[PDB]
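Asks: Residue numbers (the authors' numbering), protein chains in the order written: chain X, 4 to 167; chain 6, 63 to 184; chain L, 1 to 89; chain C, 508 to 844; chain 3, 2 to 115; chain A, 7 to 222; chain 2, 1 to 469.
What follows is a structure written as structure tokens; I'll ask about it next.
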Amino acid sequence: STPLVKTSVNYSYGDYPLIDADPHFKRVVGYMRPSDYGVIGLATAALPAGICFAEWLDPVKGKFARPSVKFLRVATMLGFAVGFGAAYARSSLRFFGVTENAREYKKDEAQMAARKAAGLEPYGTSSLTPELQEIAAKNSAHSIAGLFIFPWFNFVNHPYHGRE
Amino acid sequence: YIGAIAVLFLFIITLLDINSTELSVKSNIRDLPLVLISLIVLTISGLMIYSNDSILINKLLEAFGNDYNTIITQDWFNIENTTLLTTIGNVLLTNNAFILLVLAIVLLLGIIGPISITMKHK
Amino acid sequence: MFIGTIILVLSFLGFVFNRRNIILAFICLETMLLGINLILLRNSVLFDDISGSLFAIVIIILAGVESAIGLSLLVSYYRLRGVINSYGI
Amino acid sequence: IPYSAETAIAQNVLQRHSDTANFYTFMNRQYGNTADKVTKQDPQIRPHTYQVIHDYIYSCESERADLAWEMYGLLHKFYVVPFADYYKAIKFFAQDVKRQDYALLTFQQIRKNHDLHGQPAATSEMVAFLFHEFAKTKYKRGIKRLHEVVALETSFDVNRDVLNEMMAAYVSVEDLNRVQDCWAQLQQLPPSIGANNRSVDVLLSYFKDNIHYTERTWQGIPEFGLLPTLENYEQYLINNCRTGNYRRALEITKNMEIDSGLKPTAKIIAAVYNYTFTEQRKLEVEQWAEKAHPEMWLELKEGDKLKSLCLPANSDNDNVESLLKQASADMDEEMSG
Amino acid sequence: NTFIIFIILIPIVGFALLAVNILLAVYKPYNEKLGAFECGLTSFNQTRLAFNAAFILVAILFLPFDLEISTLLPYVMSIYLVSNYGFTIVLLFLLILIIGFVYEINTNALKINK
Amino acid sequence: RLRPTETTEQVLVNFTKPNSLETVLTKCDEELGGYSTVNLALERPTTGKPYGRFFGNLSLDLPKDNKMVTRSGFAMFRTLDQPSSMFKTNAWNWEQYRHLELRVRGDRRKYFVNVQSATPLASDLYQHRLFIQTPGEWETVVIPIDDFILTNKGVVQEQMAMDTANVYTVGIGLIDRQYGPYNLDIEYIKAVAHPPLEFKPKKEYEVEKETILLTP
Amino acid sequence: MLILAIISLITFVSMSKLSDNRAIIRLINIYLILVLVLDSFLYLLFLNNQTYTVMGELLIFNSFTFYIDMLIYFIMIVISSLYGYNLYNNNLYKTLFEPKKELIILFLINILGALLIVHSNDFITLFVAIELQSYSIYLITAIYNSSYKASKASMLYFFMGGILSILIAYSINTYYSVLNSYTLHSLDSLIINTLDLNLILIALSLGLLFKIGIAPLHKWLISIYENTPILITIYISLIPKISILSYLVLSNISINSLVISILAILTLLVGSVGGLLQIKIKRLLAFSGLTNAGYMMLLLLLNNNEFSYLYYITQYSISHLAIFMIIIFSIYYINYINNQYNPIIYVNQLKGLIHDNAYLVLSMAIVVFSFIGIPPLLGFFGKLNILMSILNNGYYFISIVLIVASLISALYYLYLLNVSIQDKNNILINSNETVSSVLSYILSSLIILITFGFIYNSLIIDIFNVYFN
Ligand SMILES: CCCCC/C=C/C/C=C\CCCCCCCC(=O)O[C@H](COC(=O)CCCCCCCCCCCCCCC)COP(=O)([O-])OCC[N+](C)(C)C
């Protein structure tokens, strides 16, 4: 769990304190606000609603025909996908100290306090060699900036989170 | 390049021959004048150097020579039986895994495209 | 590099002149890619660096995909499928 | 086997069991793999096993329409089929139940035999008929297929009748270029053989929503040396009605019997009522009818021919001309069956 | 160095190709009996032949699929060094390729005459 | 202004001129071992416009002097192949015509309008039959450009659109599988742009009417 | 968000009928709309011009890349709306604008290639993205292969782009041979001063700029644009140009380049003068794009040009989409259709359009004036930013060439309006069919953006000053 290269300490990505430069996927989902789940449901209902509204505005074959259940289900799955991506990005920018993250900061503080009390490592221990840990951290560093393009999440318990 | 690319080249050409379909041979004399103009321009560009060639052609002169042999030294810093393909796999799967995924999308394109432009759907 | 650069030069000028010999032009594309790969591999060997060889294999894969797409284009262009659809719907 | 037994044997297989798989196997034992080219049994010698196939071929319904195709194939491989039977099969495999793919292939069958074997060639009567059948189901694929067959034909040629139905085929698929192309070829022909009432009938139907070109088409009829017919007047009345000219339509119907002597029919008067989309203008249509055509109206009330489709109430938000398109488009479906 | 070789080699072989191509300027004007092809007559009576799109698709798609397979060779040579991270990357690579394989299976693009 | 010229017509086979015949060549099956004959005349009589004459015999007998052939008996004429030497255009541009009109007296023979245009293959031909409606009298038969059917070796093929930007030659030929003399008198062939909709028979042919239009 | 869309489209389109193409394209239209409106908050990552490196230094991420990315989604939404939504509900318009089964997948893969071009930080990633975009755009050009006019353009574009990509790879490998590196992070002021790698970057810029078609290699792409279907031409003539020009702007490898300046002047002159010699709409718009490309290439000669380039590329994208959509809408008001793929060819076919749809002609007049640069439209302000940037660096002859080119181009721009405001006595063969409400709304939104985007000039300037400095 010993880092191999030097990393920035308490770097400020915004106007809020840094919680985790490269938070884990389970970490990001666990630190998710109810508003983010509201966003997920909003998108999950919006794509089918968007399809229905587009059908109402301009029917495909002239006559108004509601889309078949297959299109509704595909739109529901894609809506859950886009909502989950937006929620993950919002939680990440909370971790990056860009938006308001006071409650997340307090939960993070209590969490590593409990972990240190239990006698564990701060960001986990891995199945990967330290070189692979560094490669994973360098690949997944700030990968949320490309949410428009590709999905990529940190599934490696690497120590390169930019904290003390 | 041989068992796939060249095989497919020869396959496609053989498809053109069994039912004899001679390919029409168009005249390139249409494009010859532009080649004339461009190549004369390039020769003139190489020509007005003249005096400056005495300090530039010499670079190529010692470039051609290369009359020194590389010295090969041995060391024992390597213990693992690592070959070139192993290093390729390591870099492509860890350092440049994103490139591997984008080439996966490229192969996906190479699968989809021929299907899209070769068959008439329904 | 000598051999790669000269293959590239010869194939490039074969492409520029014919330009209407689609079989031979596409062959020249393949040979120019081969000539570039040779230069890249030689420089990778000289520098003892893996990036040259990695880019070489990437160029190989891209060249294969490009060749597949181009041969599909030639199939569509020359109507290799044949017709014999006479007396049919 | 003896011929007399074969009559009852074959009759039991098809009409009583419809065992198509068994039916194919039986004849390969009597005549025997006619691809061997040894027998071409003449129906004229004994049209008994020929008839039972001929009866079941021309009796299949929409569900069994596929089955009629296989039985047609055996009828031609085994027995020589008269050329006059081609007309019945083409009309059967098209204008009879549902299927039009076999209409083209039946026409293609005449072509293949004429080119290779030497059978008598197809006449232009089928392509004129088969265009008309294609212009009923809006079959875009068959029209393109048949056109290029016509464009490279060394047996029959294009005449007045082919162009008329070819033009009608293109109106169904809405091809503004091909429609004008066929009109140029008809126009450049002498009126002796050329632009007829069928030509005007298609041409008016293609200008159904253009009042300007419908009118100039109407003045076209006197120039070509023609007198409008009852089927010709009806579409003109529809076109005037569907573009909001309700009032002008009545004067045309009122004065048509004076001008031409062609008394208005039920399919004319019911058409004017159907395509008038104003509740008061619909009333003025049924003002002369009670006192000029009393007997022939009364048989339209119980036949459900009259339809009271009109324009919405708070519909002044949209264009009136846009309403007439939607009202007439709905009315076209109601009169399609 | 490659640029230098390129630039100086361009004029020499360029002029050589220019001269050898100004040669065909007039040659074999193909005065062969091209009369039956400018009319539309056929003299084969046979040799129709056919090629289903699936046949040429098998031939063409041999190449991208072979590239997909041969891309697995670098992985099996470093399987232990990149064990779990590389295992996940190869799983994603294979799933992406199987997306295209599913495309070619569902489309039934590769089924020869039925 | 100074833009490329736009026009509604382009004469392909003009005839009606002292030279005329220099613009076209002929090809019968004498190129093969066949016995069909082709010959192009030039008639310039009075009380009318001078026209070309395209006659001959189309004996379908096979060439009993060789064996690799299977079917013979053609006779055609075409415009001279487009001279593309070093600098000129290369071919014809038909991107603003959509029609080709030709004025001709016909007979019982079945002629084909043959068009040669740019194509990846060599022997591809765009051909549409010349429908002679009125035999013995002149008719301006119009053929839409985007209705020619692509044929290679005489076989209908994958119907891809003509390359109207690059057209080489236009001609009329006989591939009719019937014996006997043939004749066809042409006096022009031109490609004509889209005509606006008209509702009169023609100005060249007319029928008795009231003549509402004021006389000049 | 794009990879998942590509995978889901392959899976769904595999198991769908041909009639579901419109519905699938609509689904992706709303999908991309929600991606923009719901994930737009990611712009908070780039306060004070903060920059990130992603995927092992293989990708770069900043406000410039984010803005080009969002613009590419907006353009993709508009173009995909042009395919999913039916302009007129009749069989003719059914036939003309019918999407292919794989067209949406190819579109998204080409968008992915363009974005990877914009976000590239390494020459290996740059080349891979270039090859992805090139193969996708070849397949886009060739997917309508029922005509020889389109087939010749497809084959020419394949071969010319193959030569260009080979030249790009050769330049990249020469750079690697010189420096044993594949990234620009090894280039500094000392590196440029000490060693002569300028020619390598000139060759790379040459190969990249020829892909979008600057002079003297403009004729092939102009022929391709002329011969491809117009719904394909609207896409193939905007997105690759945006990707290449954005990569060139962010790379910043052509400071005060004599070769780049001369080629930009040549491009401007050729585009302006050759436009005067055009009677076809497609060729005229191709030369218009050439002139705009020359204008944007003039911005490659100086630093701190992010605002001017961004403003000009956004306004040009909007105007390009608007002008092609106006040409598409005008198809209904002509008496005949040239081809199934290109239904309108000559500018003369638009003659008298003011008597069929006066407001369509008004919108076209607005977009043409914005192309010319008449205030207060967005085109004038983009050209003004270009002029300010070039005068800040002392390129006076370049400014004179720019002004002369604009004045010359105004002639063939007003050619369109003068033809369209004529009188056509030939009445239509079609009447009263209603045009699509969604596409009409999108066109009107584009026109209103062009007309009244100058309201937010100060707001955009402040946002740029706070997010790019
Ligand atoms: C509900 C979420 C929907 C958001 C989707 C946005 C898609 C953008 C797409 C296509 C461009 C259309 C015009 C965008 C305006 C520039 C915004 C900006 O301010 O430009 C700056 C950079 O200025 C520049 O360099 C030059 C920009 C050139 C603009 C040229 C067009 C002028 C006319 C447009 C005026 C807007 C009219 C709105 C009427 C209500 C980027 O700002 P930023 O990176 O800090 O993030 C912005 C925060 N955002 C992401 C929430 C929006």
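Using N, Cα and C, we set each Cβ at its ideal position, and we do this for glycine too.
Using a beta-carbon distance below 8 Å, is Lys208 (chain A) in contact with chain C?
Replies: Within the sixth sequence, numbered from 1, the residue matching residue 208 (chain A) stands at position 202. Chain C, which has a Cβ nearer than 8 Å to the Cβ of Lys208 (chain A), makes this yes.
Asks: Short of 7 Å in beta carbon distance, which residues of its chain neighbour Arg523 (chain C), apart from the five on each side in sequence? Order them along the chain.
Replies: Indexing the fourth sequence from 1 puts residue 523 (chain C) at position 16. Once the five neighbours on either side are set aside, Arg523 (chain C) has no close Cβ partner at all.
Asks: Given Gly453 (chain 2), which residues of its chain have a CB within under 6 Å of its CB, disregarding the five upstream and five downstream residues?
Replies: The count along the seventh sequence starts at 1 and reaches residue 453 (chain 2) at position 453. The answer, listed in chain order, is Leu378.
Asks: Just the C-alpha distance for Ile366 (chain 2) and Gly86 (chain X), rounded to the nearest angstrom, thanks.
Replies: What you label residue 366 (chain 2) is simply residue 366 of the seventh sequence in a count that begins at 1. What you label residue 86 (chain X) is simply residue 83 of the first sequence in a count that begins at 1. In a straight line, the C-alpha of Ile366 (chain 2) is about 39 Å away from that of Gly86 (chain X).
Asks: Measure from the C-beta of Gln742 (chain C) to each C-beta in chain A and report whether the shortest distance is under 8 Å.
Replies: Counting from 1 along the fourth sequence, the entry for residue 742 (chain C) is found at position 235. Cβ-Cβ to chain A under 8 Å: no for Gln742 (chain C).
Asks: If you measure from the beta carbon of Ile57 (chain 3) to each beta carbon in chain L, is any gap under 8 Å?
Replies: For the purposes of this step, residue 57 (chain 3) is taken as the residue at position 56 of the fifth sequence. Yes, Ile57 (chain 3) counts as interfacial toward chain L.
Asks: Shorter than 8 Å from the beta carbon of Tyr86 (chain 3) to some beta carbon of chain X?
Replies: By one-based count along the fifth sequence, residue 86 (chain 3) stands at place 85. Yes, its Cβ sits closer than 8 Å to a Cβ of chain X.
Asks: Which value, in whole angstroms, describes the spacing of the CA atoms of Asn540 (chain C) and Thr76 (chain A)?
Replies: On the fourth sequence, position 33 is the one that residue 540 (chain C) refers to. On the sixth sequence, position 70 is the one that residue 76 (chain A) refers to. About 30 Å.
Asks: Could you check what DSSP says for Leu122 (chain 6) in three-state terms: helix, strand or coil?
Replies: The count along the second sequence starts at 1 and reaches residue 122 (chain 6) at position 60. Assigned with DSSP and collapsed to three states, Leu122 (chain 6) falls in helix.
Asks: For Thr233 (chain 2), verify whether its CB is less than 7 Å away from any heavy atom of ligand 1.
Replies: In the seventh sequence, the residue the question calls residue 233 (chain 2) occupies position 233. No, since every heavy atom of ligand 1 falls outside the 7 Å radius drawn around the Cβ of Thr233 (chain 2).
Asks: Contact between the stretch 777-788 of chain C and the stretch 743-755 of chain C: three or more CB pairs below 8 Å?
Replies: yes
Asks: For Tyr336 (chain 2), list the residues DSSP reports as bridge partners.
Replies: The count along the seventh sequence starts at 1 and reaches residue 336 (chain 2) at position 336. DSSP lists no partner for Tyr336 (chain 2).
Asks: Which complete alpha helix (DSSP H) runs does the stretch 265-294 of chain 2 hold, if anything under 4 residues is left out?
Replies: none
Asks: Should the stretch 293-306 of chain 2 be regarded as contacting the stretch 391-401 of chain 2, the criterion being three or more beta carbon pairs within less than 8 Å?
Replies: yes
Asks: By the 10 Å Cβ neighbour count, where 16 or more other Cβ atoms means buried, how is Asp526 (chain C) classified, buried or exposed?
Replies: Locating residue 526 (chain C) in the fourth sequence gives position 19, where the first residue counts as 1. Exposed is the call here.
Asks: Are the CB atoms of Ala66 (chain 6) and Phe63 (chain 3) nearer to each other than 8 Å?
Replies: Translated into positions along the second sequence, residue 66 (chain 6) becomes position 4. Translated into positions along the fifth sequence, residue 63 (chain 3) becomes position 62. Their beta carbons are under 8 Å apart, which means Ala66 (chain 6) touches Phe63 (chain 3) by this criterion.
Asks: To the nearest angstrom, report how far apart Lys70 (chain A) and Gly39 (chain A) are at their CA atoms.
Replies: Position 64 of the sixth sequence, counted from the start, is the residue given in the question as residue 70 (chain A). Position 33 of the sixth sequence, counted from the start, is the residue given in the question as residue 39 (chain A). Approximately 8 Å between the Cα atoms of the pair.
Asks: Would you verify that the beta carbon of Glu49 (chain A) is, or is not, closer than 8 Å to some beta carbon of chain 3?
Replies: For this step, residue 49 (chain A) is matched to residue 43 along the sixth sequence. Cβ-Cβ to chain 3 under 8 Å: no for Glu49 (chain A).
Asks: What does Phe12 (chain 2) reach in chain X if we use C-beta pairs closer than 7 Å?
Replies: The residue labelled residue 12 (chain 2) in the question sits at position 12 within the seventh sequence. By Cβ distance, chain X contributes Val77.
Asks: For the stretch 182-201 of chain 2, list every residue whose C-beta sits within 9 Å of some C-beta in chain 3, in sequence order.
Replies: For the stretch 182-201 of chain 2, the set of positions with a beta-carbon nearer than 9 Å to some beta-carbon of chain 3 reads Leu199 and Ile200 in chain order.
Asks: Is the closest heavy atom of ligand 1 to the C-beta of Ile130 (chain 2) under 7 Å?
Replies: Counted from its first residue, the seventh sequence places residue 130 (chain 2) at position 130. Because no heavy atom of ligand 1 lies under 7 Å away, the Cβ of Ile130 (chain 2) does not count as near it: no.
Asks: Within the same chain, show all residues whose beta-carbon is closer than 6 Å to that of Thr51 (chain 2), passing over the 5 residues directly before and after it, in chain order.
Replies: Along the seventh sequence, read from residue 1 onward, the residue named residue 51 (chain 2) stands at position 51. Excluding sequence neighbours, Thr51 (chain 2) sits near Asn62.
Asks: Collect the residues with a C-beta less than 6 Å away from any heavy atom of ligand 1 and give them in sequence order along the chain.
Replies: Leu36 (chain 2), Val37 (chain 2), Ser40 (chain 2), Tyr43 (chain 2), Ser63 (chain 2), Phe66 (chain 2), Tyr67 (chain 2), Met70 (chain 2), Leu71 (chain 2), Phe74 (chain 2), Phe307 (chain 2), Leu310 (chain 2), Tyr311 (chain 2), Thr314 (chain 2), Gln315 (chain 2), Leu378 (chain 2), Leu449 (chain 2), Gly453 (chain 2), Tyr456 (chain 2), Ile460 (chain 2), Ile463 (chain 2), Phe464 (chain 2) and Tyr467 (chain 2)
Asks: Buried or exposed for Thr174 (chain 2), please, with buried defined as at least 16 other CB atoms from any protein chain shown within 10 angstroms of its CB.
Replies: By 1-based counting over the seventh sequence, the position of residue 174 (chain 2) is 174. By the 10 Å Cβ count, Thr174 (chain 2) comes out buried.
Asks: Does the distance from the CB of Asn152 (chain 6) to the CB of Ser79 (chain 3) come in under 8 Å?
Replies: Along the second sequence, read from residue 1 onward, the residue named residue 152 (chain 6) stands at position 90. Along the fifth sequence, read from residue 1 onward, the residue named residue 79 (chain 3) stands at position 78. In contact: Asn152 (chain 6) and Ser79 (chain 3) (Cβ atoms closer than 8 Å).
Asks: In terms of residues, what are the limits of the alpha helix (DSSP H) holding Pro176 (chain 6)?
Replies: Position 114 of the second sequence, counting from 1, holds the residue named residue 176 (chain 6). Here the alpha helix (DSSP H) through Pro176 (chain 6) covers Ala159 to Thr180.
Asks: Candidates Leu266 (chain 2), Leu310 (chain 2) and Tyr346 (chain 2): which alpha carbon is nearest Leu285 (chain 2)'s?
Replies: Taking the first residue of the seventh sequence as position 1, residue 285 (chain 2) is located at position 285. It is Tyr346 (chain 2).
Asks: Report back the beta-carbon spacing between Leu830 (chain C) and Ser822 (chain C) to the nearest angstrom; my notes put them in contact at under 8 Å.
Replies: Here residue 830 (chain C) refers to the residue found at position 323 when the fourth sequence is read from its first residue. Here residue 822 (chain C) refers to the residue found at position 315 when the fourth sequence is read from its first residue. With 8 Å as the limit, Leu830 (chain C) and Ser822 (chain C) qualify as a contact, their Cβ atoms being about 6 Å apart.
Asks: For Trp100 (chain A), does the count of other Cβ atoms within 10 angstroms reach 16, so buried, or fall short, so exposed?
Replies: Taking the sixth sequence and counting its residues from 1, one reaches residue 100 (chain A) at position 94. Buried, since its Cβ has 16 or more Cβ neighbours within 10 Å.
Asks: Let's see if you can read the secondary structure: which residues bound the alpha helix (DSSP H) around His145 (chain X)?
Replies: Translated into the one-based positions of the first sequence, residue 145 (chain X) becomes position 142. Secondary structure note for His145 (chain X): it is in no alpha helix (DSSP H), with a DSSP letter that is neither H nor E.
Asks: Select from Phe381 (chain 2), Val401 (chain 2) and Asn425 (chain 2) the residue whose C-alpha is nearest the C-alpha of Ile461 (chain 2).
Replies: Start at 1 with the first residue of the seventh sequence, and residue 461 (chain 2) comes out as number 461. Taking only the C-alpha atoms, the option nearest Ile461 (chain 2) is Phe381 (chain 2).
Asks: Considering only residues of the same chain and omitting the five flanking positions on each side of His218 (chain 2), which have a CB-CB separation below 7 Å?
Replies: Start at 1 with the first residue of the seventh sequence, and residue 218 (chain 2) comes out as number 218. For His218 (chain 2), where only same-chain residues beyond five positions count, the Cβ hits under 7 Å are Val270 and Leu290.
Asks: From the DSSP secondary-structure annotation, give me the bridge partner or partners of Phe600 (chain C).
Replies: Indexing the fourth sequence from 1 puts residue 600 (chain C) at position 93. For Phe600 (chain C), which the question treats as bridged, DSSP gives no partner whatsoever.
Asks: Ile617 (chain C): buried (16+ other C-beta within 10 angstroms of its C-beta) or exposed?
Replies: By one-based count along the fourth sequence, residue 617 (chain C) stands at place 110. Flag for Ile617 (chain C) reads buried.
Asks: Which class does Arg135 (chain A) belong to by DSSP, given the choice of helix, strand or coil?
Replies: Here residue 135 (chain A) is taken as the residue at index 129 of the sixth sequence, counted from 1. Correct three-state label for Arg135 (chain A): strand.
Asks: Report all residues from its chain with a CB closer than 8 Å to the CB of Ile140 (chain 2); omit the five preceding and five following residues, and keep chain order.
Replies: For this step, residue 140 (chain 2) is matched to residue 140 along the seventh sequence. Excluding residues within five positions, the ones whose Cβ falls inside 8 Å are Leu103, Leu106, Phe107, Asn110, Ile232, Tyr235 and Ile236.
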